[PDB]
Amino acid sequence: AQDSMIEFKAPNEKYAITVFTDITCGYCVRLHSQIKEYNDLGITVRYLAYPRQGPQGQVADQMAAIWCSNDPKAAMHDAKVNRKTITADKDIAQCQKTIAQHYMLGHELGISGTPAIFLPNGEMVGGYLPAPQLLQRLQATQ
């Protein structure tokens, strides 16, 4: 559950967000291209998979290969910012279960689009926000 996330830990973290993402979403790519901006403002980003196709389509298999790569952080970047095909380095059957569990969690929480950003207090941002505006949203809520 809370142990199958891909975490971009921010030095001197002041806030931590949970992001349901989809590698095919143009704004999830925009969000991932700004991870350094998030960390520089003290925002830790933790990724959860949510293929809008569904937990068994071709997007879920690509995100399963990301979670099953020897370096999932580099696999996420090559898939989002570079549109490169990711091949699983470990048994993809392990990660296909994780992707399906991540989708079931996002469906349980009731998200309706990606990226789904959850704040520490539980509130949700309905899409991508740059690091400055996201920091302002966190300071106003947390």
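Sequential numbering from 1, following the sequence displayed.
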(request) Using only the Cα atoms and their B-factors as the entry lists them, report which of 123-131 and 11-19 averages higher. (result) 123-131
(message) Mean Cα B factor from the PDB record: higher for 106-114, or higher for 35-43?
(response) 106-114
(message) Quiz for you: based on the deposited Cα B-factor, which of 48, 95, 88, 79 is highest?
(response) 88
(message) Please say which third, lowest, middle or highest, residue 64 falls into when its CA temperature factor is compared across its chain.
(response) middle
